[PDB]
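**Student:**
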Ligand SMILES: Cc1cc2nc3c(=O)[nH]c(=O)nc-3n(C[C@H](O)[C@H](O)[C@H](O)COP(=O)(O)OP(=O)(O)OC[C@H]3O[C@@H](n4cnc5c(N)ncnc54)[C@H](O)[C@@H]3O)c2cc1C
Ligand SMILES: Cc1cc2nc3c(=O)[nH]c(=O)nc-3n(C[C@H](O)[C@H](O)[C@H](O)COP(=O)(O)OP(=O)(O)OC[C@H]3O[C@@H](n4cnc5c(N)ncnc54)[C@H](O)[C@@H]3O)c2cc1C
Ligand code: SF4
Ligand code: SF4
Ligand code: SF4
Ligand code: SF4
Ligand code: SF4
Ligand code: SF4
Ligand code: SF4
Ligand code: SF4
Ligand code: SF4
Ligand code: SF4
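Residue numbers (UniProt numbering), protein chains in the order written: chain A, 1 to 185; chain B, 1 to 185; chain C, 149 to 576; chain D, 149 to 576; chain E, 1 to 283; chain F, 1 to 283.
#1: Would you kindly work out how many angstroms separate the C-alpha atoms of residue 337/C and residue 570/C, rounded to a whole number?
#2: Interface residues of chain A around residue 207/F at Cβ under 8 Å?
#3: Rounded to a whole number of angstroms, what is the C-alpha to C-alpha distance between residue 576/C and residue 554/C?
#4: Does the region 266 to 277 of chain D come into contact with the region 344 to 362 of chain D, if we say contact requires no fewer than three beta-carbon pairs (one atom in each stretch) closer than 8 Å?
#5: Between the Cα of residue 228/F and the Cα atoms of 252/F, 259/F and 245/F, which residue gives the shortest distance?
#6: If we count the other Cβ atoms within 10 Å of its Cβ and call it buried at 16 or more, is residue 108/A buried or exposed?
#7: Could you give the uninterrupted runs of the beta strand (DSSP E) lying entirely in the region 396 to 447 of chain C, keeping only those of 3 residues or more?
#8: Would you say residue 50/A reaches chain E, if we count a Cβ-Cβ gap shorter than 8 Å as a contact?
#9: Report all residues from its chain with a CB closer than 6 Å to the CB of residue 105/F; omit the five preceding and five following residues, and keep chain order.
#10: Verify whether the separation of the beta carbon atoms of residue 186/D and residue 261/D is less than 8 Å.
#11: Sort 329/D, 171/D, 403/D and 381/D by Cα distance to residue 354/D and report the nearest one.
#12: Please list, in chain order, all residues of the same chain as residue 241/E whose beta carbon is under 6 Å from its beta carbon, the five residues on each side excluded.
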């Protein structure tokens with residue numbers, strides 16, 4: 001197989017979105033402007049040790065403005081938000097905030113895993129990311145707790161309020177939730 | 001598809017062959033000891049612009065001793081030996097010599113392309129990397145030159161001398177040339 | 149027996165400080181400067197790192213002090229021709245070049261400049277500024293006196309007829325001065341590296357490639373552009389500027405294996421000043437190491453990023469290509485992204501290093517001093533005698549001893565004053 | 149009226165140079181040093197970059213000169229308690245701590261040291277060397293006199309019985325000295341950053357993690373290991389050594405945003421010295437920028453690679469893990485390979501930075517000086533008055549004004565001598 | 001003392017033993033746990049924070065307004081829920097424009113965030129409001145257990161905002177654990193993440209399980225008897241992921257996973273039935 | 001004078017017009033070209049140098065001994081062959097151990113390398129031994145042609161060893177070309193490699209063709225009429241690769257490729273048949 005690849009091995013202005021960098025900085029990632037690429041973050045990163053995820057390089061790309069490279073990157077979703085890097089960064093960059101903002105842009109670009117959308121749909125339907133099941137219902141009953149916890153599981157009005165918030169923020173549209181059928185699109 | 005890869009995303013002593021670095025340095029690549037990774041070589045490299053080949057990183061790996069990573073790397077064969085990097089290196093590293101020594105080690109490890117073996121076999125059979133064909137015999141005849149050039153094509157004894165050199169250096173065994181059959185295997 | 153007089157060679161900040169320290173200590177001091185005015189390179193700067201304070205505002209008072217000090221004999225536009233003898237007993241022969249202007253009569257009014265019809269380059273503007281065949285290098289010059297360059301004068305006599313002090317003397321001749329001194333302080337400074345030989349960067353061929361010192365002159369409000377950073381090609385502001393570090397330094401391909409030690413800082417300073425003047429300008433630096441080692445320097449670096457949004461690319465550029473529209477493409481690896489980049493810019497500034505000045509070898513041989521491996525003057529001991537030389541009675545001050553910034557040079561000049569005063573105080 | 153006497157506070161290379169320059173200029177000079185002997189940190193070093201020349205070999209003659217100079221009164225083991233007045237009219241109150249040894253009678257023979265039964269740490273060995281409750285910090289000490297530490301003395305009187313000069317005085321009391329001077333030169337130096345708070349690097353918990361200054365003592369032939377670099381855990385040579393740059397510097401997580409300016413060079417120097425002593429040792433440096441900015445420094449860096457085969461990894465280590473066998477794994481990205489590395493080492497050396505010395509605030513308030521952002525003393529003007537302070541008659545010299553190497557400190561000390569001599573020469 | 005009690009999802013819906021042990025413990029301590037009626041997912045920061053900051057913040061603000069209406073501070077037993085709610089609280093308190101946006105969203109529900117209550121972690125409440133002495137008094141049977149304490153990440157980090165203990169080398173959980181007679185055993189990479197945060201468990205199960213496998217190997221070489229955590233998210237990762245690791249790679253560590261509340265209840269002589277170990281996949 | 005004539009492979013076996021033009025030109029100049037009977041592949045540095053240094057050096061040393069027997073310097077008009085032979089010569093001359101090893105290998109052939117002759121490039125010989133004035137004299141018809149000069153990498157590099165001209169901005173070939181009346185047109189990335197060196201043409205044809213396509217685009221935007229080279233390897237890359245590019249991507253550059261010898265013959269009024277343009281794939 002040839003190794004020729006004329007766009008993946010060079011960076012020109014056509015790969016750069018300056019408005020993306022400005023949007024990230026204005027939304028709370030402004031500190032990314034001033035890391036000096038020491039690599040402490042990558043050294044601290046537990047996901048970097050077992051995947052191709054390189055947090056230092058994500059910060060670098062965000063500064064350069066390589067939007068398409070960042071948001072389409074699967075490795076972006078390898079960060080557990082353990083904050084170890086952010087605890088150690090000598091320039092006090094808010095790394096985790098930058099990662100989450102990049103993830104928000106990626107989600108807006110359609111790079112959402114089906115499982116994450118399933119969690120979103122569970123929250124829409126029941127108000128819980130991890131809804132209760134029958135076995136836990138009976139187990140709660142056994143130890144004298146209520147069959148249902150005093151949560152959106154018990155109060156339909158609370159679920160209605162949560163669903164109103166989700167509609168108002170557009171989150172249902174972000175994950176392609178269909179209200180009529182209660183399924184994902 | 002999982003991104004998990006336990007061995008490809010971390011460097012430990014198990015990935016390092018120090019004897020390899022010593023062998024490279026003793027064979028004429030000793031200057032690789034002192035580049036300070038400025039990246040001038042990569043910037044000058046025409047193959048680096050269109051393939052994943054990164055000459056600076058090859059030099060770095062040679063210094064670290066990542067033998068298995070270097071010799072098995074297909075990108076190692078993307079260098080045309082244009083010498084532009086070597087002309088510009090601020091530390092006067094003999095980059096092309098390092099690349100060729102790494103290639104010799106790779107060939108010894110069995111990473112030889114079939115086409116390169118074909119060139120070797122052409123030299124073994126005829127003494128020319130690009131042997132003459134019928135049409136060129138006709139043109140040579142028509143333009144007043146001899147039908148055959150005064151080379152190993154004309155003189156069998158010269159071809160036998162070349163083949164003796166090839167046997168003495170073991171090159172026939174390097175490319176798997178079988179003398180009885182005249183084939184590669 | 150030790151003569152209680154001193155000679156200071158060079159009229160930069162180092163020489164100025166040494167002379168003022170010696171004079172304030174009571175010793176009679178000669179100062180020989182080859183240019184028509186003292187100031188050296190500091191007077192050419194617009195601002196100084198790391199404070200961004202104006203250089204002329206703080207240098208000019210010292211120059212005035214030198215020009216009016218009772219214990220200082222200032223001989224500008226002159227050069228040391230011979231040195232004989234030893235410590236306490238130096239006989240020095242100086243040649244005052246002819247100004248063709250009477251230093252005692254000239255007031256520096258500038259009328260002769262206004263009337264002269266011949267234009268010529270101003271050395272103070274480093275090749276990007278013009279003046280007349282009769283000129284005053286800059287308004288704060290000390291002495292504030294005119295000079296006529298005979299390689300450009302056509303002997304029109306308009307300056308002669310316009311002057312009211314009768315200061316123009318077309319028949320002036322070079323003057324020989326002989327002095328006796330007990331000590332000598334060499335403070336001859338440096339020259340900016342000329343990058344023409346760096347063919348891949350294209351200086352002298354590409355229109356919009358300039359040096360850092362040229363940029364200093366262009367930023368300076370009293371410079372030839374009235375402080376505006378303008379593209380040489382069209383005279384408009386550059387929307388995109390690249391700076392390249394280590395030009396002429398840390399490079400064995402040109403036999404310059406040393407670090408020029410100030411380039412990183414003045415690069416960042418000029419970038420900050422450009423951003424201050426033109427906040428919309430995009431500025432990018434190609435570096436290998438950021439050497440922000442001085443007091444406040446690391447903070448200056450952080451501020452370059454946090455406050456001004458200056459972009460830093462770790463990569464020594466391979467090439468600068470001029471496009472048909474005269475924009476410039478810098479081809480360089482970003483070693484931290486690990487990828488080749490080809491970025492476009494409207495102007496490229498080469499961070500040229502520091503080299504010994506023109507004529508350094510001649511003066512070194514005249515005095516009889518030794519030079520270090522980097523071509524600058526060698527001190528007696530690199531750890532404990534940084535301003536002494538193995539030639540007793542001769543001391544070093546400022547960049548003459550090697551590249552360094554203003555406070556380090558000033559400290560060296562004060563130290564050399566002390567070390568020279570010691571033998572003169574002893575008297576033998 | 150300006151008193152023609154000077155006070156120099158601190159007995160390091162900067163203070164020594166300032167005092168000798170003032171004395172050679174004829175001014176009577178007091179020197180006050182809190183340790184029992186002068187030398188400062190320079191006397192602790194084994195060799196000096198970039199020449200690898202012996203530090204003590206060149207420092208000791210100057211210390212002797214200070215101890216025998218007619219114009220210098222040396223008051224060691226003493227501290228400035230009060231300062232009143234102004235330029236030319238300073239009244240200073242000094243407290244000479246009790247040695248419990250008579251400086252005039254003690255010859256420094258060392259018999260009392262041999263006979264003492266109580267062991268205690270030697271401050272000169274930076275926490276890795278032992279001596280007795282009665283001690284001489286190092287054989288080249290000036291004055292060459294003993295000192296008894298009463299926190300460890302058990303009053304056994306063996307030292308009294310063994311001494312022949314009758315120099316032991318267990319009944320000695322602190323002595324109050326009052327002096328009048330016209331100028332003051334603060335040359336109080338620095339302390340090595342203590343990295344205990346850098347929990348991820350494990351200093352003070354991991355057995356085989358040491359600082360650069362500790363390594364200086366271990367390398368030194370007169371040190372507590374007879375110049376052998378030995379693992380603290382087992383007393384054997386380390387086959388693999390890592391150096392970590394910028395420890396305590398360039399780090400906002402600990403409020404140290406400045407570059408300590410010397411750690412890159414002394415790191416490379418000690419790596420070269422280790423290789424020289426043990427050519428088979430593997431040595432690796434984790435750095436961010438190599439700041440080899442000085443004369444010959446870039447060449448020193450190249451030589452570290454070409455001659456000695458020292459490995460350079462561009463990456464600020466995330467963590468140092470102690471293994472069960474007490475080897476150390478450094479976890480760090482190699483930013484130029486773009487990959488995480490976990491490399492094993494037998495010893496790890498932290499390149500600690502420079503900080504103001506213990507008690508700096510008290511003396512600063514006693515004199516009344518201002519401090520810069522980095523915690524060191526502030527000069528009157530960062531470009532043109534590097535050794536002056538806004539307090540007239542008080543000057544700065546050496547690392548007191550900020551981190552810097554020996555030649556720069558020596559130049560500053562000479563300059564401060566000049567600047568202080570000027571008012572004293574004027575006399576008013 | 002009174003405190004609003006936030007449950008989250010995993011504890012109330014997968015491991016009710018943790019909730020029961022907590023309720024009994026706080027009843028023994030004289031602290032009134034007041035239910036947060038109508039509470040929902042906090043929501044989990046890993047997914048919602050990664051997808052849309054505004055939705056995450058609005059849901060968390062509604063959860064906070066429940067306690068504000070009740071007029072009490074919030075107590076959370078989950079690192080994940082604590083991180084979500086605490087972050088939302090301090091973000092809305094320190095930023096007026098975002099508070100206005102969130103309240104504009106909340107106006108449809110008839111609620112309004114006021115910034116009147118604090119969010120507190122279960123361990124912090126135990127350590128500060130109760131103290132180690134009172135906890136030691138309530139112990140009925142010292143435990144002979146070698147435990148590996150898993151702090152998790154969002155208990156203490158970001159430390160600049162949370163300011164509970166030193167993230168690199170904390171001791172608070174270790175001290176609470178040793179109050180029970182159990183020994184907290186040091187092990188390699190003790191502060192490492194369990195791999196479940198940031199949505200990684202659902203996005204790439206193999207990567208998260210690799211985190212867990214590394215941690216379990218380090219705990220096993222330290223010879224511990226159980227894992228102690230203060231996070232039902234981490235609790236689920238360890239418990240279910242031990243089964244997943246056993247089924248995937250054939251490696252079984254069989255190390256029990258206990259929430260800190262369950263450990264305290266065991267030391268305090270709680271009924272075995274109240275500790276719902278039937279919910280745990282690891283026996 | 002007299003000089004040994006090394007042919008290589010590509011010139012004598014694919015483009016004999018280059019050889020015929022060279023022979024006629026040198027006959028007109030009073031320089032005796034002496035055949036190197038029994039010569040083989042130089043051998044091509046890209047493959048043999050990459051595979052085994054010893055084999056490459058031994059074969060090159062045998063080629064050099066062929067000329068040493070005649071007591072004449074070697075002249076090559078191929079950048080590749082010049083690089084191979086010149087490098088081998090200066091390696092064996094400057095290293096005694098390697099010379100001993102190579103001669104030990106050569107014992108079988110009955111030859112011995114002595115280090116007695118020099119290796120010289122065709123252009124260097126023309127520029128220095130003949131000079132521009134004599135070449136200008138031999139011109140019979142000035143050419144009205146816009147030419148793109150392709151230096152090729154191994155003519156001048158490594159410059160430390162070769163020391164013929166400045167590799168970044170050379171002029172020697174341009175001056176020789178303009179002696180014929182043709183105009184050397186500057187074009188972007190003029191010094192760039194053609195992509196065929198180092199074995200790349202045979203290993204990854206697409207990459208080498210991408211080099212050639214970039215170069216051809218830059219030449220076309222400069223409006224040149226032909227390419228002039230001093231390397232049959234470069235000649236073949238440009239000629240055959242224009243056809244390969246047309247077949248693969250449909251790009252049609254249609255720029256003739258001429259060796260410098262052929263250009264000089266054209267300016268010198270040599271017969272058209274002697275140029276043997278029938279060998280060129282590009283018309
Ligand atoms: C672009 C640039 C920006 C800089 N910015 C800063 C900055 O912001 N801050 C900072 O601290 N430093 C800065 N520097 C460094 C600073 O310029 C030097 O530290 C300082 O100028 C050295 O002064 P000097 O007196 O030693 O030498 P110079 O300034 O070179 O003065 C030497 C003098 O000697 C004269 N002379 C030379 N040869 C002879 C001779 N043979 N006979 C008589 N006279 C002679 C010269 O004409 C001149 O008047 C910068 C340097 C450059 C190139
Ligand atoms: C590990 C290491 C290696 C180094 N290696 C080199 C090298 O190779 N080359 C080089 O050039 N530089 C080197 N340096 C830098 C060098 O140590 C300093 O530049 C130099 O020591 C500064 O000397 P100083 O006199 O200013 O201060 P110091 O050496 O610190 O001396 C100050 C003196 O003042 C005394 N003092 C302090 N406070 C008081 C007080 N209140 N009253 C009285 N006395 C007081 C101290 O006890 C001491 O005697 C190194 C530094 C370190 C940490
Ligand atoms: S640790 Fe901080 S300064 Fe260093 S590379 Fe990461 S984000 Fe940048
Ligand atoms: S927060 Fe994300 S990038 Fe930072 S150390 Fe944890 S997993 Fe790595
Ligand atoms: S140009 Fe030279 S010094 Fe720079 S990275 Fe390449 S080989 Fe190393
Ligand atoms: S010689 Fe190889 S690595 Fe160097 S510039 Fe040419 S192709 Fe790139
Ligand atoms: S020469 Fe005359 S006109 Fe010119 S500046 Fe001097 S005084 Fe003025
Ligand atoms: S005489 Fe010379 S200097 Fe005077 S005005 Fe004429 S040209 Fe100018
Ligand atoms: S000071 Fe900076 S730019 Fe100048 S030579 Fe040194 S590293 Fe390069
Ligand atoms: S106290 Fe006495 S024994 Fe001890 S060093 Fe002094 S003179 Fe010698
Ligand atoms: S009296 Fe004190 S100093 Fe003297 S020997 Fe006894 S313990 Fe040591
Ligand atoms: S001198 Fe070097 S090691 Fe020290 S703080 Fe500066 S960059 Fe770091």
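For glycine and all other residues, C-beta sits at the position ideal for the given N, C-alpha and C.
**Tutor:** According to the data block:
#1: Going by C-alpha positions, residue 337/C is about 24 Å away from residue 570/C.
#2: Under the 8 Å cutoff, chain A gives 2, 3 and 4.
#3: Rounded to whole angstroms, residue 576/C to residue 554/C spans 33 Å at the Cα level.
#4: Counting Cβ pairs under 8 Å, three or more are found: they touch.
#5: If we check each option's Cα against that of residue 228/F, 259/F comes out closest.
#6: Classification for residue 108/A: exposed.
#7: Along the region 396 to 447 of chain C, the beta strand (DSSP E) occurs as fully enclosed runs of 3 or more residues at 430 to 435, listed in sequence order.
#8: Taking Cβ atoms only, chain E reaches closer than 8 Å to residue 50/A, which makes this a yes.
#9: Cβ neighbours of residue 105/F beyond the five flanking positions: 58.
#10: Annotated as distal: residue 186/D and residue 261/D, with beta-carbon spacing of 8 Å or more.
#11: Looking from the CA of residue 354/D, the closest CA among 329/D, 171/D, 403/D and 381/D belongs to 381/D.
#12: The answer, listed in chain order, is 209 and 212.
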